Amino acid sequence: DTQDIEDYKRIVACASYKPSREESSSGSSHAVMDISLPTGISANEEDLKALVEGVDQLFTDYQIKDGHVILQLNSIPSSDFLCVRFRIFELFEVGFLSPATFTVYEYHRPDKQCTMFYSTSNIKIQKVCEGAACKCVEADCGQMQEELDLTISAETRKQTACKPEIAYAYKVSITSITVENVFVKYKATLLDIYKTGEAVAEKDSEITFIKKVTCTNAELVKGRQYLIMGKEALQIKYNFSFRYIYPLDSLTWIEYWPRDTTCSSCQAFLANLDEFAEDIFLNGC
């Protein structure tokens, strides 16, 4: 995967050799890594030199044939991962392009060629799947609110609550947490509503929330009552059964007014929550 390092883009390509039951756990014979660069993407000649021409050499050789960067070594550690990192400037922009390849194989066997796709430009579209059906969403890393009380003013809350972007603002308690291929599903049983979205959920209904793993502010407690101000109702409709996944954009609100009461200042937060609560419930802003 490509990193932005702080112009200079920069690649961190890594490998390991399968250790076959027959094979030694040592690692492979000399293998070659062939990193195809997207059209009009030069490399940092110096960076390459650095890992071959340093006598504690990661590699034995380098070269640039056409689009390809061709590194070579004695063996690839099966113990763990081994990585080359090198810079690639966008020496030019070709308007339109396609993904290039990262292919690495044993020299004396062309058939054991593992080719992986990758893109030179970074963005986001997550392919999110439910019930054997997939439908994409895009994730802004979520931000968690600081605690139950920050002298949150009713008004502000309802500003973002009735902010044109928001769709559904309502109180859920969590029940279940999964962690599956980039995302983190949250099965939550649903308490009273406040503001209903397009895709209208039922009352003691169970919704599914996703925010993917890259996020660490948004870290939710099992079975702990959260108010969430969810922006999107994502109604992927697969197989004539229609479900909702809700996402957790940065935009999304998170706050936890736990049931425990009279525990000092905790009671005070309840005065505003219920305030904002009854306010929007009665009047739609």
# chains A, B, ... in the order shown; residues from 1 in each chain; ligands from 1

$ residues_around --residues "range 225-231 of chain A" --least-positions-apart "5" --cutoff "6 Å" --atoms "only C-alpha atoms" --output "list in words"
residues 166, 167, 168, 169, 170, 171, 172, 173, 252, 253, 254, 255, 256 and 258 of chain A

$ select_by_dssp --residues "range 153-268 of chain A" --states "alpha helix (DSSP H)" --output "JSON, numbers by chain"
{"A": [154, 155, 156, 157, 158, 159, 160, 161, 266, 267, 268]}

$ closest_atom_pairs --of "range 147-223 of chain A" --to "range 261-277 of chain A" --cutoff "9 Å" --atoms "only C-alpha atoms" --output "JSON lines"
{"residue": "A:148", "atom": "CA", "partner": "A:269", "partner_atom": "CA", "distance": 6.5}
{"residue": "A:149", "atom": "CA", "partner": "A:269", "partner_atom": "CA", "distance": 5.7}
{"residue": "A:150", "atom": "CA", "partner": "A:269", "partner_atom": "CA", "distance": 8.7}
{"residue": "A:151", "atom": "CA", "partner": "A:269", "partner_atom": "CA", "distance": 8.1}
{"residue": "A:152", "atom": "CA", "partner": "A:272", "partner_atom": "CA", "distance": 7.9}
{"residue": "A:153", "atom": "CA", "partner": "A:272", "partner_atom": "CA", "distance": 7.5}
{"residue": "A:154", "atom": "CA", "partner": "A:276", "partner_atom": "CA", "distance": 5.3}
{"residue": "A:155", "atom": "CA", "partner": "A:276", "partner_atom": "CA", "distance": 7.8}
{"residue": "A:157", "atom": "CA", "partner": "A:276", "partner_atom": "CA", "distance": 7.5}
{"residue": "A:158", "atom": "CA", "partner": "A:276", "partner_atom": "CA", "distance": 6.8}
{"residue": "A:193", "atom": "CA", "partner": "A:277", "partner_atom": "CA", "distance": 8.9}
{"residue": "A:194", "atom": "CA", "partner": "A:277", "partner_atom": "CA", "distance": 6.3}

$ write_last_selection --atoms "N, CA, C and O atoms" --output "short mmCIF file (atom, residue, chain, number, x, y, z; two decimals), in the first residue's frame"
data_model
loop_
_atom_site.label_atom_id
_atom_site.label_comp_id
_atom_site.auth_asym_id
_atom_site.auth_seq_id
_atom_site.Cartn_x
_atom_site.Cartn_y
_atom_site.Cartn_z
N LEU A 148 -20.13 12.01 29.09
CA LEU A 148 -21.53 12.31 29.26
C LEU A 148 -21.78 13.80 29.33
O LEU A 148 -22.74 14.29 28.76
N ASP A 149 -20.91 14.53 30.04
CA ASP A 149 -21.10 15.98 30.19
C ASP A 149 -19.91 16.83 29.73
O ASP A 149 -18.78 16.62 30.17
N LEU A 150 -20.21 17.82 28.90
CA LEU A 150 -19.26 18.86 28.55
C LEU A 150 -19.99 20.18 28.52
O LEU A 150 -19.64 21.09 27.77
N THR A 151 -21.04 20.30 29.32
CA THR A 151 -21.89 21.48 29.24
C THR A 151 -22.28 21.66 27.77
O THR A 151 -22.14 22.73 27.17
N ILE A 152 -22.70 20.55 27.20
CA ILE A 152 -23.36 20.51 25.93
C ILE A 152 -24.65 21.31 26.07
O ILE A 152 -25.44 21.08 27.00
N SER A 153 -24.85 22.26 25.18
CA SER A 153 -26.05 23.07 25.23
C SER A 153 -27.10 22.39 24.37
O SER A 153 -26.81 21.98 23.24
N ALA A 154 -28.30 22.25 24.91
CA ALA A 154 -29.47 21.78 24.17
C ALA A 154 -29.49 22.25 22.70
O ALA A 154 -29.59 21.42 21.77
N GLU A 155 -29.39 23.56 22.51
CA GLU A 155 -29.43 24.22 21.18
C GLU A 155 -28.49 23.59 20.16
O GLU A 155 -28.94 23.13 19.12
N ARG A 157 -26.66 20.80 20.25
CA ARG A 157 -27.03 19.43 20.04
C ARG A 157 -28.09 19.34 18.94
O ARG A 157 -27.87 18.68 17.93
N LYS A 158 -29.19 20.07 19.13
CA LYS A 158 -30.31 20.05 18.18
C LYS A 158 -30.03 20.73 16.85
O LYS A 158 -30.76 20.52 15.86
N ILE A 193 -37.20 7.01 20.11
CA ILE A 193 -36.54 7.58 18.90
C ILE A 193 -36.10 9.08 18.77
O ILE A 193 -34.95 9.34 18.38
N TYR A 194 -36.97 10.07 19.01
CA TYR A 194 -36.57 11.49 18.87
C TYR A 194 -36.66 12.08 17.44
O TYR A 194 -37.40 13.04 17.19
#

$ residues_around --residues "residue 46 in chain A" --least-positions-apart "4" --cutoff "10 Å" --atoms "only C-alpha atoms" --output "list in words"
residues 50, 51, 86 and 87 of chain A

$ residues_around --residues "residue 44 in chain A" --least-positions-apart "4" --cutoff "10 Å" --atoms "only C-alpha atoms" --output "ChimeraX atom specification"
/A:8,10,48-49,86-89

$ residues_around --residues "residue 135 in chain A" --least-positions-apart "6" --cutoff "9 Å" --atoms "only C-alpha atoms" --output "PyMOL selection string"
chain A and resi 126-129+236-237

$ residues_around --residues "range 121-124 of chain A" --least-positions-apart "6" --cutoff "10 Å" --atoms "only C-alpha atoms" --output "ChimeraX atom specification"
/A:1-4,9,38,99,137-140

$ atom_distance --atom1 "CA of residue 108 in chain A" --atom2 "CA of residue 33 in chain A"
13.5 Å

$ residues_around --residues "range 54-59 of chain A" --least-positions-apart "2" --cutoff "9 Å" --atoms "only C-alpha atoms" --output "ChimeraX atom specification"
/A:49-52,61-62,71-74,82-84

$ select_by_dssp --residues "range 67-263 of chain A" --states "strand (DSSP E or B)" --output "ChimeraX atom specification"
/A:68-72,77,82-88,100-106,109-118,126-130,133-137,168-177,180,183,186-190,195,206-210,225-230,234,237-238,241-242,245-247,253-255

$ decode --residues "range 151-167 of chain A" --atoms "N, CA, C and O atoms" --output "PDB file, in the first residue's frame"
ATOM      1  N   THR A 151     -21.040  20.296  29.323  1.00  0.00           N
ATOM      2  CA  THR A 151     -21.887  21.478  29.243  1.00  0.00           C
ATOM      3  C   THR A 151     -22.275  21.658  27.773  1.00  0.00           C
ATOM      4  O   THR A 151     -22.136  22.725  27.173  1.00  0.00           O
ATOM      5  N   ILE A 152     -22.702  20.548  27.201  1.00  0.00           N
ATOM      6  CA  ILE A 152     -23.364  20.509  25.930  1.00  0.00           C
ATOM      7  C   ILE A 152     -24.651  21.307  26.073  1.00  0.00           C
ATOM      8  O   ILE A 152     -25.438  21.083  26.996  1.00  0.00           O
ATOM      9  N   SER A 153     -24.851  22.265  25.182  1.00  0.00           N
ATOM     10  CA  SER A 153     -26.052  23.070  25.227  1.00  0.00           C
ATOM     11  C   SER A 153     -27.099  22.391  24.366  1.00  0.00           C
ATOM     12  O   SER A 153     -26.812  21.985  23.239  1.00  0.00           O
ATOM     13  N   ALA A 154     -28.301  22.249  24.914  1.00  0.00           N
ATOM     14  CA  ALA A 154     -29.467  21.784  24.174  1.00  0.00           C
ATOM     15  C   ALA A 154     -29.489  22.245  22.699  1.00  0.00           C
ATOM     16  O   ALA A 154     -29.594  21.423  21.773  1.00  0.00           O
ATOM     17  N   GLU A 155     -29.390  23.565  22.506  1.00  0.00           N
ATOM     18  CA  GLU A 155     -29.430  24.217  21.180  1.00  0.00           C
ATOM     19  C   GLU A 155     -28.493  23.586  20.160  1.00  0.00           C
ATOM     20  O   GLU A 155     -28.944  23.125  19.121  1.00  0.00           O
ATOM     21  N   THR A 156     -27.196  23.593  20.481  1.00  0.00           N
ATOM     22  CA  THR A 156     -26.117  23.041  19.649  1.00  0.00           C
ATOM     23  C   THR A 156     -26.458  21.628  19.236  1.00  0.00           C
ATOM     24  O   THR A 156     -26.541  21.301  18.052  1.00  0.00           O
ATOM     25  N   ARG A 157     -26.656  20.797  20.245  1.00  0.00           N
ATOM     26  CA  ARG A 157     -27.034  19.430  20.042  1.00  0.00           C
ATOM     27  C   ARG A 157     -28.087  19.345  18.944  1.00  0.00           C
ATOM     28  O   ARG A 157     -27.867  18.685  17.926  1.00  0.00           O
ATOM     29  N   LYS A 158     -29.193  20.068  19.127  1.00  0.00           N
ATOM     30  CA  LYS A 158     -30.310  20.048  18.183  1.00  0.00           C
ATOM     31  C   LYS A 158     -30.032  20.732  16.846  1.00  0.00           C
ATOM     32  O   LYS A 158     -30.759  20.518  15.859  1.00  0.00           O
ATOM     33  N   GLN A 159     -28.990  21.565  16.841  1.00  0.00           N
ATOM     34  CA  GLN A 159     -28.427  22.137  15.614  1.00  0.00           C
ATOM     35  C   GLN A 159     -27.901  21.008  14.728  1.00  0.00           C
ATOM     36  O   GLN A 159     -28.369  20.838  13.597  1.00  0.00           O
ATOM     37  N   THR A 160     -26.940  20.244  15.263  1.00  0.00           N
ATOM     38  CA  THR A 160     -26.402  19.055  14.588  1.00  0.00           C
ATOM     39  C   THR A 160     -27.444  17.950  14.483  1.00  0.00           C
ATOM     40  O   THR A 160     -27.461  17.200  13.515  1.00  0.00           O
ATOM     41  N   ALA A 161     -28.312  17.854  15.486  1.00  0.00           N
ATOM     42  CA  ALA A 161     -29.434  16.921  15.431  1.00  0.00           C
ATOM     43  C   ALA A 161     -30.359  17.249  14.262  1.00  0.00           C
ATOM     44  O   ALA A 161     -30.637  16.396  13.428  1.00  0.00           O
ATOM     45  N   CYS A 162     -30.815  18.492  14.193  1.00  0.00           N
ATOM     46  CA  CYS A 162     -31.614  18.925  13.064  1.00  0.00           C
ATOM     47  C   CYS A 162     -30.776  19.508  11.909  1.00  0.00           C
ATOM     48  O   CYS A 162     -31.324  20.079  10.963  1.00  0.00           O
ATOM     49  N   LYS A 163     -29.454  19.366  11.985  1.00  0.00           N
ATOM     50  CA  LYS A 163     -28.564  19.667  10.853  1.00  0.00           C
ATOM     51  C   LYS A 163     -29.112  18.936   9.622  1.00  0.00           C
ATOM     52  O   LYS A 163     -29.466  17.764   9.733  1.00  0.00           O
ATOM     53  N   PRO A 164     -29.210  19.620   8.459  1.00  0.00           N
ATOM     54  CA  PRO A 164     -29.821  19.020   7.257  1.00  0.00           C
ATOM     55  C   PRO A 164     -29.237  17.658   6.857  1.00  0.00           C
ATOM     56  O   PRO A 164     -29.954  16.826   6.295  1.00  0.00           O
ATOM     57  N   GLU A 165     -27.957  17.436   7.148  1.00  0.00           N
ATOM     58  CA  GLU A 165     -27.309  16.172   6.814  1.00  0.00           C
ATOM     59  C   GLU A 165     -27.845  14.979   7.626  1.00  0.00           C
ATOM     60  O   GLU A 165     -28.213  13.974   7.033  1.00  0.00           O
ATOM     61  N   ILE A 166     -27.909  15.093   8.958  1.00  0.00           N
ATOM     62  CA  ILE A 166     -28.505  14.046   9.833  1.00  0.00           C
ATOM     63  C   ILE A 166     -29.876  13.551   9.371  1.00  0.00           C
ATOM     64  O   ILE A 166     -30.694  14.317   8.846  1.00  0.00           O
ATOM     65  N   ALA A 167     -30.121  12.264   9.597  1.00  0.00           N
ATOM     66  CA  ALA A 167     -31.399  11.646   9.266  1.00  0.00           C
ATOM     67  C   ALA A 167     -32.073  11.076  10.500  1.00  0.00           C
ATOM     68  O   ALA A 167     -33.263  11.273  10.705  1.00  0.00           O
TER      69      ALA A 167
END
